[PDB]
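# Structure at a glance
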Number of protein chains: 2
Amino acid sequence: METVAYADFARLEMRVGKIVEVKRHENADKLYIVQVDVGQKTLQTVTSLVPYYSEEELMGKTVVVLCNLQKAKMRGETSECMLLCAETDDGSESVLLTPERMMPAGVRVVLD
Amino acid sequence: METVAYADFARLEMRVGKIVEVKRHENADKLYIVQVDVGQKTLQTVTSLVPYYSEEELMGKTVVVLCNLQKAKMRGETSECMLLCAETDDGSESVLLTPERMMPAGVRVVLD
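In the annotation of the PDB entry, chain A is listed under the name tRNA-binding protein ygjH and assigned to Escherichia coli. The title given for this PDB entry is "Crystal Structure of E. coli Trbp111". The UniProt entry for chain A carries the following text under Subunit: "Homodimer."

Now the structure itself:
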């Protein structure tokens with residue numbers, strides 16, 4: 001696609017987060033409500049990733065979230081952040097991004 | 001900052017890359033030229049990260065790059081991609097982002 005100014009990257013609020021609550025409705029299927037600790041507040045996202053990852057696997061996991069996306073409703077649940085993943089070219093597998101070493105919840109993602 | 005449409009995230013070309021060449025000019029200081037394999041092509045960036053990371057440490061490392069930023073010159077060297085990092089709130093330490101598991105060079109970064 002076309003370039004991209006630095007300003008276009010800057011308008012995004014991306015932070016390291018840690019998953020603190022993973023919720024599965026009883027009547028099921030596909031979606032899970034996830035709470036992500038982003039340092040001084042906790043933001044809700046609706047995922048997506050669970051059979052691929054376990055619920056137990058997601059708990060305490062360090063992740064990367066986009067935090068200033070327009071409020072979204074999915075099946076009536078609010079998504080106010082979204083997890084960043086790398087996905088294979090055929091959509092078969094999606095893997096969460098993470099800082100390569102341990103880092104505090106809430107630290108900003110920046111270009112080097 | 002203000003929200004953020006999905007479209008604003010979509011205009012960015014972010015991919016998983018692998019560092020394949022790290023170059024240090026003899027007359028020194030701060031900057032290093034890094035080649036990043038992004039699957040079917042290799043893109044140049046100018047970093048930044050080297051004393052913090054070794055050159056040997058960077059070689060073969062899986063990273064995340066923004067690939068469609070306006071061509072930039074730094075000290076006359078072209079930067080045509082930029083590495084994504086998480087940085088502490090005081091700028092003291094910057095850590096490269098990575099998929100949490102091994103993934104091929106070139107796979108796209110997407111929101112879940």
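### Here's the deal with the UniProt feature "domain: tRNA-binding" in chain A
Cross-referencing UniProt, the feature "domain: tRNA-binding" maps to residues 8–110 of chain A in the present numbering. A helix fraction of 7% and a strand fraction of 47% characterise residues 8–110 of chain A, whose end C-alpha atoms lie 12 Å from each other.

### Observations regarding the packing of aromatic side chains
Residues and elements named next belong to chain A. Under the definition given, this model contains two aromatic pairs over all chains. With 5.2 Å between their ring centres and 80° between their planes, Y52 and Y53 make a pair best called edge-to-face. On the accessibility criterion, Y53 (5% relative accessible area) is buried.

### Observations concerning the relation of the copies chain B and chain A
Placing chain B over chain A gives an RMSD of 0.0 Å and needs a rotation angle of 180°, together with 0.0 Å of translation along the axis. What we have between these two chains is a two-fold relation. When each C-alpha of chain B is compared by its distance to the rotation axis, B:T98 comes out closest, at 2.8 Å. Looking at the interface residues of chain B, 100% of them are also at the interface in chain A, so both copies use one shared face.

### Examining the pairing of strand β2 (residues 32–37) of chain A
Residue and element names in this part refer to chain A. The element β2 is extensively covered by neighbouring structure, given that five of its six residues are classed as buried. Here strand β1 (residues 14–23) runs beside β2; their pairing, made up of five bridges, is antiparallel. Note that in β2 the partner of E21 across the bridge is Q35. As defined by bridge partners, β2 adjoins strand β3 (residues 42–47) across six bridges and the pair is classed as antiparallel. Bridging from a neighbouring strand, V36 pairs with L43 of β3.

### A short note on unusual backbone geometry
Here A:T47 and A:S48 are connected by a cis peptide whose omega angle stands at 5°. Within the secondary structure layout, A:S48 lies in the loop between β3 and α2 (55–58). Even without being a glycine, B:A28 presents a positive backbone phi close to 75°. Within the element layout of this structure, B:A28 appears in the loop between β1 (14–23) and β2 (32–37). Look at B:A28 and you get partly exposed, because its relative accessible area is 25%. For B:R75, which is not a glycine, the phi torsion comes out positive at approximately 50°.

### Concerning the interface of chain B and chain A
How big an interface is tends to be stated in terms of the accessible area lost upon association of its parts. Taken together, the contact pairs 48 residues of chain B with 48 residues of chain A. Interface area for chain B against chain A, summed over the two sides, is near 4,400 Å², with a carbon-plus-sulfur share of 62%. A per-residue breakdown of the area chain B buries against chain A is headed by B:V4, B:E100 and B:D112, which together make up 18% of the total. Where chain B meets chain A, there are four salt bridges. Between A:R101 and B:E93 there is a salt bridge, with the nearest N and O atoms lying 3.2 Å from each other. On the surface where chain B and chain A come into contact, there are 25 residue pairs in polar contact. Contributing elements (two or more residues each) for the side of chain B that touches chain A: α1 (6–10), β3 (42–47), β4 (62–66), β7 (82–87), β8 (94–99) and β9 (108–111) of chain B. The residue inventory of the side of chain B that touches chain A, partitioned by class, reads 29 nonpolar, seven polar and twelve charged. With four bridges connecting them, strand β9 (residues 108–111) of chain A and β7(B) associate as antiparallel partners. Within β7(B), the residue paired with A:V109 across the bridge is B:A86.

Quick notes on the rules
Residues numbered from 1 in each chain as written, not as in the entry; some residues may be left out. Chains lettered and ligands numbered in written order. Heavy atoms only, no water. UniProt positions renumbered as here; feature names shortened; annotations may be inferred. Helix = DSSP H or I, 4+ residues; strand = E, 2+ residues; numbered from the N terminus. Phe/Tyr/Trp six-rings, centres within 6.5 Å; stacked < 30°, edge-to-face > 60°. Buried < 20%, exposed > 50% of the residue type's maximum accessible area, 1.4 Å probe, protein only. Least-squares fit on C-alpha atoms. Contact = heavy atoms within 4.5 Å. Pairing = 2+ DSSP bridges. Buried area = accessible area lost by both parts, 1.4 Å probe. Salt bridge = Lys/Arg side-chain N within 4 Å of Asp/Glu carboxyl O. Polar contact = N/O pair within 3.5 Å; in protein donor to acceptor, adjacent residues only side chain to side chain. Nonpolar A, V, L, I, M, F, W, Y, C, P; charged D, E, K, R; others polar.

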